[PDB]
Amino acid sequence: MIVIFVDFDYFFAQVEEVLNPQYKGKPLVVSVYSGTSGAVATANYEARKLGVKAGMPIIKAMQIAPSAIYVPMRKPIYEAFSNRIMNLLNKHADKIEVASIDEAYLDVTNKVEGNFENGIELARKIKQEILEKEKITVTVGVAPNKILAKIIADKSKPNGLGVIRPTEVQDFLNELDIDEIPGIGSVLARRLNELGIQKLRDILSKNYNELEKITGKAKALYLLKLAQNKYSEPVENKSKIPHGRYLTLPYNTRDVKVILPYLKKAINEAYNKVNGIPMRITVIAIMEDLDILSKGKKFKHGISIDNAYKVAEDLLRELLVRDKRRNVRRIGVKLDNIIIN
(Lines of atoms letter the chains of each structure in order from A and count residues from 1; the text may use other names and numbers.)
(Lines give C-alpha, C1' and ligand atoms only; values in the text may rest on other atoms or scores of the structure.)
Protein backbone atom coordinates (compact mmCIF):
# COMPACT_ATOMS: atom_id res chain seq x y z
CA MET A 1 0.00 0.00 0.00
CA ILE A 2 1.31 3.42 -1.01
CA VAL A 3 -0.15 6.44 0.78
CA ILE A 4 0.51 10.07 -0.13
CA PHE A 5 -0.30 12.75 2.41
CA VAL A 6 -0.64 16.32 1.18
CA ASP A 7 -0.78 19.25 3.60
CA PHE A 8 -1.18 22.88 2.47
CA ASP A 9 1.53 24.99 4.13
CA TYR A 10 -0.12 27.55 6.45
CA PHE A 11 -2.88 27.58 3.82
CA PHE A 12 -5.07 30.54 4.85
CA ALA A 13 -2.01 32.76 5.21
CA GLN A 14 -0.33 31.53 2.04
CA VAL A 15 -3.38 32.35 -0.06
CA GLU A 16 -3.46 35.95 1.14
CA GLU A 17 0.17 36.16 0.01
CA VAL A 18 -0.84 34.82 -3.40
CA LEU A 19 -3.43 37.59 -3.61
CA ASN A 20 -1.02 40.16 -2.16
CA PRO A 21 2.53 39.41 -3.41
CA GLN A 22 3.81 42.46 -1.53
CA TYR A 23 2.96 40.69 1.74
CA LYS A 24 5.16 37.78 0.66
CA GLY A 25 8.09 37.91 3.06
CA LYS A 26 6.54 39.93 5.87
CA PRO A 27 4.92 38.45 9.04
CA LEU A 28 1.39 37.81 7.75
CA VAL A 29 -1.29 36.71 10.21
CA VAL A 30 -4.80 35.64 9.18
CA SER A 31 -7.16 36.86 11.91
CA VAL A 32 -10.63 35.72 13.01
CA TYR A 33 -12.59 38.30 15.02
CA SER A 34 -16.09 39.80 15.12
CA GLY A 35 -18.66 41.55 17.29
CA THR A 36 -13.04 43.84 19.73
CA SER A 37 -12.71 40.06 20.18
CA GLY A 38 -10.85 37.46 18.14
CA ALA A 39 -7.80 35.23 17.65
CA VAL A 40 -5.07 34.05 15.29
CA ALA A 41 -6.29 31.55 12.70
CA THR A 42 -3.18 31.20 10.56
CA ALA A 43 0.21 32.88 10.17
CA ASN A 44 3.14 32.26 7.84
CA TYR A 45 6.54 31.32 9.29
CA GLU A 46 7.91 34.86 9.03
CA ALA A 47 5.34 35.43 11.77
CA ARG A 48 5.54 32.07 13.52
CA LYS A 49 9.15 32.62 14.59
CA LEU A 50 8.17 35.91 16.23
CA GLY A 51 6.10 33.72 18.55
CA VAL A 52 2.76 33.81 16.73
CA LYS A 53 0.56 30.70 16.49
CA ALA A 54 -3.06 29.61 16.02
CA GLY A 55 -5.46 29.92 18.94
CA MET A 56 -3.44 32.84 20.28
CA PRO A 57 -5.60 35.90 21.05
CA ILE A 58 -5.12 38.71 18.52
CA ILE A 59 -3.99 40.99 21.34
CA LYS A 60 -1.22 38.68 22.58
CA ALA A 61 -0.05 38.34 18.97
CA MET A 62 -0.20 42.07 18.33
CA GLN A 63 1.84 42.55 21.50
CA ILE A 64 4.52 40.22 20.11
CA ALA A 65 4.24 41.02 16.40
CA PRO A 66 3.50 44.76 15.95
CA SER A 67 5.17 44.91 12.53
CA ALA A 68 3.10 41.89 11.50
CA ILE A 69 0.56 42.37 8.71
CA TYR A 70 -2.90 41.43 10.00
CA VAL A 71 -5.69 40.58 7.56
CA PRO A 72 -9.30 39.51 8.26
CA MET A 73 -10.41 36.01 7.29
CA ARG A 74 -12.07 35.47 3.93
CA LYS A 75 -12.85 31.75 4.10
CA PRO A 76 -14.84 31.68 0.84
CA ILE A 77 -11.54 32.31 -0.95
CA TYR A 78 -9.69 29.54 0.92
CA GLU A 79 -12.61 27.21 0.23
CA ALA A 80 -12.36 28.02 -3.47
CA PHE A 81 -8.63 27.21 -3.58
CA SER A 82 -9.19 24.11 -1.46
CA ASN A 83 -11.83 22.72 -3.84
CA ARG A 84 -9.60 23.37 -6.83
CA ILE A 85 -6.64 21.51 -5.34
CA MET A 86 -8.63 18.62 -3.84
CA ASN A 87 -10.23 17.82 -7.20
CA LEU A 88 -6.79 18.12 -8.76
CA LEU A 89 -5.62 15.48 -6.27
CA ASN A 90 -8.64 13.29 -6.91
CA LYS A 91 -7.46 12.35 -10.40
CA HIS A 92 -4.08 11.19 -9.10
CA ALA A 93 -5.34 8.47 -6.77
CA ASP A 94 -7.54 5.37 -6.49
CA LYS A 95 -9.00 6.65 -3.22
CA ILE A 96 -8.90 10.13 -1.68
CA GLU A 97 -9.70 11.09 1.91
CA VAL A 98 -10.24 14.80 2.47
CA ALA A 99 -9.30 15.21 6.14
CA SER A 100 -9.84 18.97 6.19
CA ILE A 101 -9.72 22.14 4.12
CA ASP A 102 -5.96 21.61 3.89
CA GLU A 103 -5.28 17.91 4.57
CA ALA A 104 -5.78 14.85 2.37
CA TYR A 105 -4.73 11.23 2.00
CA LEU A 106 -4.23 9.36 -1.25
CA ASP A 107 -3.93 5.65 -1.92
CA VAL A 108 -1.94 5.25 -5.12
CA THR A 109 -1.04 1.57 -4.80
CA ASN A 110 -2.73 1.04 -8.18
CA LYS A 111 -1.81 4.16 -10.17
CA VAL A 112 1.81 3.21 -9.47
CA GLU A 113 1.27 -0.53 -10.01
CA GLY A 114 2.44 -1.14 -6.45
CA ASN A 115 5.87 0.42 -7.06
CA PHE A 116 6.76 2.46 -3.97
CA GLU A 117 9.52 4.32 -5.82
CA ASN A 118 7.01 5.66 -8.36
CA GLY A 119 4.77 6.87 -5.56
CA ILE A 120 7.56 9.28 -4.68
CA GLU A 121 7.81 10.23 -8.34
CA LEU A 122 4.07 10.92 -8.44
CA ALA A 123 4.14 12.83 -5.14
CA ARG A 124 6.80 14.93 -6.85
CA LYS A 125 4.59 15.64 -9.87
CA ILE A 126 1.66 16.35 -7.55
CA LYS A 127 3.63 18.83 -5.45
CA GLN A 128 4.74 20.41 -8.73
CA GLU A 129 1.36 20.68 -10.47
CA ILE A 130 -0.33 22.27 -7.45
CA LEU A 131 2.44 24.87 -7.44
CA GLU A 132 1.95 25.51 -11.15
CA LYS A 133 -1.84 25.65 -11.50
CA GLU A 134 -2.48 27.22 -8.08
CA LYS A 135 0.79 28.88 -7.06
CA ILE A 136 0.77 27.16 -3.67
CA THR A 137 3.36 25.20 -1.72
CA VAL A 138 2.28 21.93 -0.14
CA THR A 139 4.24 19.51 2.01
CA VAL A 140 3.92 15.86 1.03
CA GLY A 141 4.55 12.62 2.87
CA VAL A 142 5.00 9.23 1.20
CA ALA A 143 4.79 6.08 3.33
CA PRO A 144 3.03 2.68 3.64
CA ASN A 145 0.19 4.10 5.74
CA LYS A 146 -1.60 7.32 6.66
CA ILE A 147 -0.10 7.93 10.10
CA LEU A 148 3.43 7.50 8.75
CA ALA A 149 2.62 9.69 5.74
CA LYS A 150 1.33 12.46 8.01
CA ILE A 151 4.13 12.16 10.59
CA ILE A 152 6.93 12.29 8.04
CA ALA A 153 5.07 15.17 6.41
CA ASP A 154 5.22 17.29 9.58
CA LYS A 155 8.92 16.62 10.09
CA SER A 156 9.25 17.87 6.50
CA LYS A 157 7.17 21.04 6.20
CA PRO A 158 7.17 23.73 4.99
CA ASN A 159 7.51 22.81 1.30
CA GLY A 160 9.00 19.49 2.36
CA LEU A 161 8.62 16.02 0.89
CA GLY A 162 8.87 13.38 3.62
CA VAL A 163 9.45 9.76 2.62
CA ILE A 164 9.44 6.46 4.50
CA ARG A 165 10.09 3.39 2.40
CA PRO A 166 8.55 0.03 3.44
CA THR A 167 12.00 -1.13 4.59
CA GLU A 168 12.88 1.89 6.73
CA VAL A 169 9.55 1.73 8.57
CA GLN A 170 10.11 -0.19 11.82
CA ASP A 171 13.37 1.76 12.09
CA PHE A 172 11.73 5.18 11.79
CA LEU A 173 9.21 4.30 14.49
CA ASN A 174 12.00 3.44 16.91
CA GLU A 175 13.85 6.76 16.80
CA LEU A 176 10.47 8.52 16.72
CA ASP A 177 9.99 11.04 19.53
CA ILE A 178 6.72 11.05 21.45
CA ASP A 179 6.48 14.79 20.74
CA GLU A 180 6.32 14.10 17.00
CA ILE A 181 3.26 11.86 17.27
CA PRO A 182 -0.10 13.35 16.13
CA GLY A 183 -2.99 13.01 18.55
CA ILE A 184 -0.90 13.47 21.68
CA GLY A 185 -1.30 16.75 23.52
CA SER A 186 1.81 18.85 24.06
CA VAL A 187 0.88 18.51 27.73
CA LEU A 188 0.61 14.72 27.77
CA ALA A 189 3.98 14.57 26.00
CA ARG A 190 5.74 16.68 28.63
CA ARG A 191 4.39 14.39 31.33
CA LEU A 192 5.48 11.34 29.34
CA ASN A 193 8.96 12.80 29.00
CA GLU A 194 8.96 13.44 32.74
CA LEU A 195 8.12 9.77 33.19
CA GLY A 196 10.95 8.51 31.01
CA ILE A 197 9.05 8.11 27.75
CA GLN A 198 11.23 9.89 25.18
CA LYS A 199 10.91 7.69 22.10
CA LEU A 200 7.89 5.77 20.83
CA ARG A 201 9.76 2.52 21.52
CA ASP A 202 9.98 3.36 25.23
CA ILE A 203 6.31 2.40 25.20
CA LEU A 204 7.27 -1.23 24.55
CA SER A 205 8.99 -1.18 27.94
CA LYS A 206 6.31 -0.24 30.48
CA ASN A 207 3.19 -1.79 32.00
CA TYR A 208 0.21 -0.97 29.79
CA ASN A 209 -2.04 -0.22 32.78
CA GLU A 210 0.67 2.04 34.14
CA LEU A 211 0.51 3.78 30.76
CA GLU A 212 -3.29 4.03 30.60
CA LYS A 213 -3.68 5.86 33.92
CA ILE A 214 -1.76 8.69 32.26
CA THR A 215 -2.74 8.49 28.61
CA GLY A 216 -6.11 6.77 28.55
CA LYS A 217 -7.50 3.73 26.74
CA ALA A 218 -7.82 5.65 23.48
CA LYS A 219 -4.32 7.12 23.17
CA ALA A 220 -2.66 4.15 24.91
CA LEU A 221 -3.92 1.66 22.33
CA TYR A 222 -3.00 4.18 19.65
CA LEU A 223 0.57 4.56 20.93
CA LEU A 224 1.08 0.85 21.57
CA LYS A 225 -0.14 -0.09 18.09
CA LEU A 226 1.79 2.77 16.50
CA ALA A 227 4.95 1.40 18.13
CA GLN A 228 4.32 -1.80 16.18
CA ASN A 229 2.81 -0.28 13.05
CA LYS A 230 -0.46 -2.13 13.65
CA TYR A 231 -2.22 1.19 13.12
CA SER A 232 -2.57 0.78 9.36
CA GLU A 233 -6.10 1.98 8.59
CA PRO A 234 -7.13 1.94 4.90
CA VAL A 235 -7.60 5.19 3.00
CA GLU A 236 -11.36 5.72 2.95
CA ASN A 237 -12.72 7.49 -0.13
CA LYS A 238 -14.64 10.21 1.71
CA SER A 239 -14.65 13.84 2.85
CA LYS A 240 -14.79 15.06 6.44
CA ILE A 241 -15.70 18.64 5.55
CA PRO A 242 -19.12 19.58 7.05
CA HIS A 243 -21.91 21.17 5.03
CA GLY A 244 -25.29 22.43 6.18
CA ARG A 245 -28.19 24.62 5.17
CA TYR A 246 -30.14 26.60 7.77
CA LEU A 247 -33.59 28.16 7.41
CA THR A 248 -35.64 30.66 9.40
CA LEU A 249 -39.28 29.81 10.11
CA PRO A 250 -42.13 32.23 9.20
CA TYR A 251 -42.34 32.77 12.96
CA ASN A 252 -40.66 30.96 15.83
CA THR A 253 -42.67 28.15 17.40
CA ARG A 254 -42.43 24.53 18.49
CA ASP A 255 -45.10 23.23 16.14
CA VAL A 256 -43.58 20.25 14.34
CA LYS A 257 -46.20 20.71 11.61
CA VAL A 258 -44.68 24.10 10.77
CA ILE A 259 -41.02 23.39 11.57
CA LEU A 260 -40.79 20.03 9.81
CA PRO A 261 -41.69 21.39 6.33
CA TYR A 262 -38.69 23.71 6.59
CA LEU A 263 -36.46 21.07 8.15
CA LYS A 264 -37.00 18.96 5.03
CA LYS A 265 -36.14 21.88 2.75
CA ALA A 266 -32.94 22.43 4.70
CA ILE A 267 -32.19 18.74 4.15
CA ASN A 268 -32.77 18.96 0.40
CA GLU A 269 -30.56 22.01 0.01
CA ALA A 270 -27.89 20.45 2.23
CA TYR A 271 -27.90 17.39 -0.03
CA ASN A 272 -27.55 19.43 -3.22
CA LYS A 273 -24.38 21.14 -2.03
CA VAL A 274 -22.80 17.76 -1.24
CA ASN A 275 -20.98 15.27 -3.48
CA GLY A 276 -22.17 12.08 -1.83
CA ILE A 277 -24.04 10.19 0.87
CA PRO A 278 -23.53 11.54 4.42
CA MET A 279 -22.74 9.05 7.18
CA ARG A 280 -23.93 11.47 9.84
CA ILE A 281 -26.78 13.95 10.10
CA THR A 282 -27.13 16.72 12.65
CA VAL A 283 -30.29 18.73 13.24
CA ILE A 284 -29.50 22.23 14.46
CA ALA A 285 -32.19 24.40 16.03
CA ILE A 286 -31.47 28.11 16.54
CA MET A 287 -33.76 29.04 19.44
CA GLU A 288 -35.46 32.39 20.06
CA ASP A 289 -32.44 33.59 22.07
CA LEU A 290 -30.24 32.62 19.10
CA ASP A 291 -28.32 29.99 21.09
CA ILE A 292 -27.58 26.67 19.37
CA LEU A 293 -29.21 23.37 20.34
CA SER A 294 -28.41 20.31 18.23
CA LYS A 295 -28.24 16.52 18.07
CA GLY A 296 -27.28 14.08 15.33
CA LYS A 297 -26.62 10.48 14.33
CA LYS A 298 -23.88 8.58 12.49
CA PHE A 299 -24.46 5.55 10.24
CA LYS A 300 -22.16 2.92 8.73
CA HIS A 301 -23.72 2.94 5.26
CA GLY A 302 -24.73 6.16 3.52
CA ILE A 303 -27.88 8.00 4.58
CA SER A 304 -30.45 8.29 1.79
CA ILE A 305 -32.47 11.50 1.47
CA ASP A 306 -35.64 9.59 2.35
CA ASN A 307 -33.96 8.25 5.50
CA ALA A 308 -32.74 11.77 6.22
CA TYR A 309 -36.34 13.00 6.51
CA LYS A 310 -37.18 10.24 8.99
CA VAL A 311 -34.02 10.48 11.11
CA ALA A 312 -34.18 14.29 11.05
CA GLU A 313 -37.78 14.36 12.25
CA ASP A 314 -36.96 12.15 15.24
CA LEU A 315 -33.96 14.32 16.07
CA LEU A 316 -36.24 17.36 15.92
CA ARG A 317 -38.74 15.64 18.22
CA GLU A 318 -36.10 14.85 20.84
CA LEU A 319 -34.70 18.38 20.92
CA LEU A 320 -38.26 19.54 21.64
CA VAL A 321 -38.64 16.89 24.34
CA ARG A 322 -35.43 18.29 25.82
CA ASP A 323 -36.19 22.01 25.77
CA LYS A 324 -39.47 23.66 26.79
CA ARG A 325 -40.53 27.33 26.70
CA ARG A 326 -38.32 28.09 23.73
CA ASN A 327 -39.75 28.48 20.27
CA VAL A 328 -37.38 27.54 17.46
CA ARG A 329 -36.35 30.57 15.41
CA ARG A 330 -34.14 28.88 12.84
CA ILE A 331 -33.59 25.25 11.90
CA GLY A 332 -30.89 23.70 9.78
CA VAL A 333 -29.08 20.48 8.97
CA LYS A 334 -25.36 19.67 9.03
CA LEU A 335 -24.13 16.74 6.93
CA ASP A 336 -20.69 15.18 7.50
CA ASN A 337 -18.61 12.12 6.52
CA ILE A 338 -19.52 12.12 2.84
CA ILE A 339 -18.83 8.85 1.01
CA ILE A 340 -17.46 10.17 -2.28
CA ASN A 341 -16.99 8.44 -5.64
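Numbers for residues come from their place in the sequence shown, where the first is 1.
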| query | finding |
| --- | --- |
| Selected stretch [higher average CA B-factor]: 142-150 or 168-176 | 168-176 |
| Segment of higher mean CA temperature factor, 156-164 or 67-75 | 67-75 |
| C-alpha B-factor winner, where the candidates are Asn209, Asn193, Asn87, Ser100 | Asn209 |
| Out of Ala266, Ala104, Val235, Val108, highest CA B-factor residue | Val235 |
| CA B-factor ranking of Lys219, expressed as a third of its chain | lowest |
| Record-listed C-alpha B factor of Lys297: chain third | middle |
| Chain-relative CA temperature factor third for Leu316 | middle |
| Cα B factor band for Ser304 (lowest, middle or highest third within the chain) | middle |
| Third of chain Cα B-factors occupied by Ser205 | highest |
